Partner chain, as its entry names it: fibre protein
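For reference, the chain that follows is the form deposited without its partner chain, supplied as structure tokens.
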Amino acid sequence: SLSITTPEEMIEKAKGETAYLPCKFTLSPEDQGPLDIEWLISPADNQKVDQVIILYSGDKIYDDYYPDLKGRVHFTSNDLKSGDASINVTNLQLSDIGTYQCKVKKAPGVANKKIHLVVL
């Protein structure tokens, strides 16, 4: 079935640097639907629901979401549809620490990955 490499991952990077958050996926032959990528963050406030970061949908990028990351998050691949939904986060702050989720869908295929990001 549809799967993502290293579906739970811990990443550490230093303050001011750029984090590379990998989301490399493998499709199955049955996955003939439209490709849909969603990244989310779990806020440090545990009483707040997850927030959308960035989307790839209908071959377009939508990034007008989580304000703390606005302008700092981008898809890294020049060919995302070939299996690379990775993003980077520029100028890391200590407040960027948290759990990030990549959701890859191509109906009926679905997979998700969680990254625990630590900033030192």
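Shifts are known only where both forms have a C-alpha. Numbering follows the first chain given and starts at 1. Take the two forms, superpose them, and find the largest set of C-alpha atoms that agree within 1.5 Å; that set is the rigid core.
*Mean Cα B-factor comparison, 7-15 or 98-106, giving the higher one as deposited*: Taking the mean C-alpha B-factor of 98-106 and of 7-15, the larger value falls to 7-15.
*Of 35-43 and 63-71, which one has the bigger average CA B-factor?*
Taking the mean C-alpha B-factor of 63-71 and of 35-43, the larger value falls to 63-71.
*By the record's CA B-factor, is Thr76 among the lowest, middle or highest third of residues in the chain?*
Middle third, going by the recorded CA B-factors of the chain.
*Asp84 - which third its CA temperature factor falls in, relative to the rest of the chain*: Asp84: CA B-factor falls in the middle third of its chain.
_Record-listed C-alpha B factor of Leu120: chain third_ = Highest third - that is where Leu120 ends up once the chain's C-alpha B-factors are sorted.
_Splitting the chain's C-alpha B-factors into thirds, which one does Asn91 fall into?_
For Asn91, whose C-alpha B-factor we compare with every modelled residue in the chain, the answer is the highest third.
*asked:* Could you place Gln51 in the lowest, middle or highest third of its chain by Cα temperature factor, using the values in the record?
replied: Lowest third, going by the recorded CA B-factors of the chain.
Absent from the display: the form deposited with its partner chain bound. The rest refers to it.
*Exactly one of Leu55, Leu27, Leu69, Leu80 has a non-hydrogen atom within 4.5 Å of its partner chain in the deposited bound form; which residue is it?*
It is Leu55.
*Find out whether any non-hydrogen atom of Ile97 is located within 4.5 angstroms of its partner chain in the deposited bound form, and reply yes or no.*
Contact with its partner chain, no.
*So in the deposited bound form, does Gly16 come within 4.5 Å of its partner chain, heavy atom to heavy atom?*
Taking the distances in the deposited bound form, the answer for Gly16 is no, it never comes within 4.5 Å of its partner chain.
_I'd like to know if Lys48 sits close to its partner chain in the deposited bound form, meaning any non-hydrogen atom pair within 4.5 angstroms._
Because a heavy atom of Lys48 falls inside 4.5 Å of its partner chain in the deposited bound form, the answer is yes.
*Would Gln32 count as a contact of its partner chain in the deposited bound form, using a 4.5 angstroms cut-off between non-hydrogen atoms?*
Yes.
*With the core lined up, does the C-alpha of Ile61 move 2 Å or more between this form and the one not shown?*
No, its C-alpha moves less than 2 Å.
_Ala44: after superposing the rigid core, is there a C-alpha shift of 2 Å or more between this form and the one not shown?_
It does, since the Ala44 C-alpha is displaced 2 Å or more between this form and the one not shown after the core fit.
*Fitted on the core, where are the consecutive stretches (at least 3 residues) whose C-alpha atoms all shift 2 Å or more between this form and the one not shown?*
Moving stretch: 43-49 alone.
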